[PDB]
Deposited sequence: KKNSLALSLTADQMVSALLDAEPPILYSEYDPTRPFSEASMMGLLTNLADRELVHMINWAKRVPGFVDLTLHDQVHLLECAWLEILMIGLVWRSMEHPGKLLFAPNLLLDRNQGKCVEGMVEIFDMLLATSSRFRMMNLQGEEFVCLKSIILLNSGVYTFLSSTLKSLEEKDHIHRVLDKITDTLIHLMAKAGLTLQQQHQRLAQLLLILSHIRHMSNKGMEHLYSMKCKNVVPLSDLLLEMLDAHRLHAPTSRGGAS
């Protein structure tokens, strides 16, 4: 709970990581706007099932009422998918590794109307992760912060857990040998990225709502309700 060491907090978070899943990309045919949206949302839908279970493993999360768990996840789900994607994409300049068999560049983004500008923000965020040399331990911290933070001012136990994740991030930076000044500077650079992720999430949400509204792709019931939660 709140009695975790920094390291216990890190291990629990590394342990709780979801799998990297595959898309059902079919290479026999070219992309259309509809089949690409079909692929992306099919993937997101399956990742969502793992996210629900992952979140229950984030310290403190299951201590909340079921209504607050619903609320935080509904609020943060696309942010979490997005920060996962960006982390998966760190090693692939100019590309987004949605799945190991679904690696897309900006020109493939152009297949879905409105999509390429969102690809671009995601690609830039991946470069930022790259230039910063974001570590896996910092990533799992950030992703949990997103879960607990993004709906929290749709309003104190959550602030104590959030405080503990901060302690943990600092501890890692201290453990990686950064100076005291570098610790707060990097702490800030990392958290400021969450602003960019919220933004991409808001545009992504707006875009998906638009695809649904044009009947471009059928959405699973979960995805649908996750989307209604927000247009």
query	finding
Chain regions without C-alpha coordinates, deposited sequence numbering	1-5, 161-171, 247, 249-258
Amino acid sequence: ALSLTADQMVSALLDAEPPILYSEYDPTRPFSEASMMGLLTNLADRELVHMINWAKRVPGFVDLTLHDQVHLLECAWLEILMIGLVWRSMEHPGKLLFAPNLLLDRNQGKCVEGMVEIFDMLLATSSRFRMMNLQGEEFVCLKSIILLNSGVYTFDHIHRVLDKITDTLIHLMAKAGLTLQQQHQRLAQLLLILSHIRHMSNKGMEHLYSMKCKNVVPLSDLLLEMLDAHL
From here on, numbers count along this sequence of modelled residues.
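In this text, the rigid core denotes the largest set of C-alpha atoms whose superposition between the two forms falls within 1.5 Å.
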item	value
Comparing 176-184 and 22-30 where Cα RMS over structures and residues is taken in 4 other deposited structures of this protein (core fit), larger one	22-30
Which of 202-210 and 161-169 lies farther from this form in 4 other deposited structures of this protein, as RMS of C-alpha positions after a rigid core fit	202-210
Residue 217 coordinate gap across at least a third of other entries	yes
At least a third of other PDB entries omit residue 139	no
Stretch exceeding the other in mean C-alpha B-factor - 73-81, 98-106	98-106
Entry-level comparison of average CA B-factors, 189-197 and 63-71, reporting the higher stretch	63-71
Identity of residue with top Cα B-factor, from 158, 145, 121, 86	158
Identity of residue with top Cα B-factor, from 41, 183, 32, 202	32
Residue 47 - which third its CA temperature factor falls in, relative to the rest of the chain	lowest
Chain third (lowest, middle, highest) by recorded CA B-factor, residue given as residue 10	highest
Residue 165 CA temperature factor, ranked by third within the chain	middle
Third of the chain's Cα B-factor distribution that residue 212 belongs to, per the entry	middle
Cα B factor band for residue 58 (lowest, middle or highest third within the chain)	middle
